[PDB]
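Participant: Starting off with a structure, shown below.
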Amino acid sequence: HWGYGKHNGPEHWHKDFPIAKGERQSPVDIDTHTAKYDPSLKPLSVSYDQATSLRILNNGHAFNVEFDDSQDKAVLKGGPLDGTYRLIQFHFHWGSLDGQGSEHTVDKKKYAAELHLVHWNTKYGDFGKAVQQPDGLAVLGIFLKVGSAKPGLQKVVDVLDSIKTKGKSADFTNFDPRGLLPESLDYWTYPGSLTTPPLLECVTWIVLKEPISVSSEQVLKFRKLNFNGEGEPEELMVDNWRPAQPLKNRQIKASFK
Ligand SMILES: C[C@H]1OC(C)(C)O[C@H]1[C@H](O)CNCCCn1cc(CNc2ccc(S(N)(=O)=O)cc2)nn1
Ligand SMILES: C[C@H]1OC(C)(C)O[C@H]1[C@H](O)CNCCCn1cc(CNc2ccc(S(N)(=O)=O)cc2)nn1
Ligand SMILES: [Zn+2]
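Next comes the structure, spelled out in structure tokens:
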């Protein structure tokens with residue numbers, strides 16, 4: 004099965020998922036000098052006031068905080084998007100060291116981690133249908149740098165001990181994802197893909213320019229997770245990021261001058 008080891012990491016994925024070498028793969032390097040301001044982009048609308056978190060799951064690749072997406076309760080609209088995208092889950096990608104972990108890069112700079120808030124287009129009815137469409141998903145990506153603690157992350161950090169290994173879940177109600185956002189909603193956007201298998205080319209990427217700060221202690225707790233199941237050889241869940249893929253025939257647009 005695919006993963007992030009020497010024997011099953013990103014350079015192997017194309018053998019089971021040939022779209023890995025496709026025309027709109029993610030992540031990518033954001034060359035800030037080449038990205039063009041697009042004055043036609045609308046302001047982003049992040050409406051998370053009625054969000055209903057349910058559960059946190061270690062899926063063997065990351066941990067997902069899952070939401071009730073059976074109604075419009077936490078939605079993303081505006082910016083490059085047509086229509087209404089419902090929040091289904093968020094997760095992170097992170098490194099073994101502070102100098103790597105992000106999937107997207109900015110002028111080849113790697114951040115310590117990257118948050119993905121995953122949303123699906125309500127016109128397709130369910131997430132499984134939406135991932136089969138070129139405009140099915142919108143992923144809001146937020147960089148993490150190490151410095152001051154992020155208070156709104158601590159409830160996530162403190163439950164990780166209870167989902168150490170693959171397949172463990174825990175109740176995770178009443179979590180407010182607004183506490184993970186930076187001050188500014190300035191962004192870059194481009195058409196891309198899921199960054200893990202099945203690597204489907206279904207994503208409008210919206211990557212915020214302003215990183216959030218998390219503490220060294222917060223990211224150290226990420227790095228104590230395990231890719232393995234309980235009672236299997238311990239393999240730390242670190243370096244669960246895909247490197248930048250070729251931009252090909254794509255333009256990255258900026259929401260800001
Ligand atoms: C097995 C253990 O030992 C090693 C050192 C391999 O890693 C350990 C692992 O963590 C656990 N042992 C194996 C399980 C995980 N795995 C499988 C393989 C080789 N097959 C394989 C299949 C599909 C793809 S894909 N979908 O195209 O990306 C890539 C590689 N390599 N790892
Ligand atoms: C449903 C599936 O059920 C089985 C396994 C039986 O076949 C599958 C079927 O073939 C298809 N059914 C599943 C849904 C399709 N899908 C989605 C996912 C993971 N989503 C995901 C979300 C965000 C990002 S990121 N990092 O933000 O870019 C990366 C990955 N994995 N699959
Ligand atoms: Zn992701």
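Under PDB author numbering, residues 4 to 125, 127 to 261 are what the sequence shown spells out, in order.
The beta carbon of each residue, even a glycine, is placed where N, CA and C say it ideally should be.
Pull up the CB-CB distance for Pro181 and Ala54, whole angstroms please, since I reckon it's below 8 Å.
Facilitator: That pair is a contact at about 6 Å.
Participant: Exposed or buried, what is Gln28 when buried is set at 16 or more other beta-carbons lying within 10 Å of its beta-carbon?
Facilitator: buried
Participant: Per DSSP, what are the beta-bridge partners of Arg58 in this structure?
Facilitator: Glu69, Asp175
Participant: Can you tell me which of the three DSSP states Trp5 falls into?
Facilitator: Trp5 falls in the coil class under three-state DSSP.
Participant: Is the number of C-beta pairs between the segment 39-47 and the segment 82-96 that are closer than 8 Å three or more?
Facilitator: Yes: at least three Cβ pairs fall under 8 Å.
Participant: If distances are taken between C-alpha atoms only, which option among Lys149, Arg89, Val135 comes closest to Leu118?
Facilitator: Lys149
Participant: Is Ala153 helix, strand or coil when you go by DSSP?
Facilitator: In the structure shown, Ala153 adopts coil according to DSSP, grouped into three states.
Participant: For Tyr7 versus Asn230, is the C-beta distance shorter than 8 Å?
Facilitator: no
Participant: Thinking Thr35 and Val109 are a contact (beta carbons under 8 Å), I'd like their distance in whole angstroms, please.
Facilitator: That pair is a contact at about 6 Å.
Participant: Thinking C-beta only, is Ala65 closer than 8 Å to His96?
Facilitator: yes
Participant: If you follow the alpha helix (DSSP H) that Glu117 is in, where does it begin and where does it stop?
Facilitator: Taken as a continuous stretch (DSSP letters only), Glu117 belongs to no alpha helix (DSSP H), being part of the beta strand (DSSP E) at 116-124.
Participant: Determine the closest residue to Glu106 out of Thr208, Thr200, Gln222, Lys225, with distance taken between C-alpha atoms.
Facilitator: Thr200
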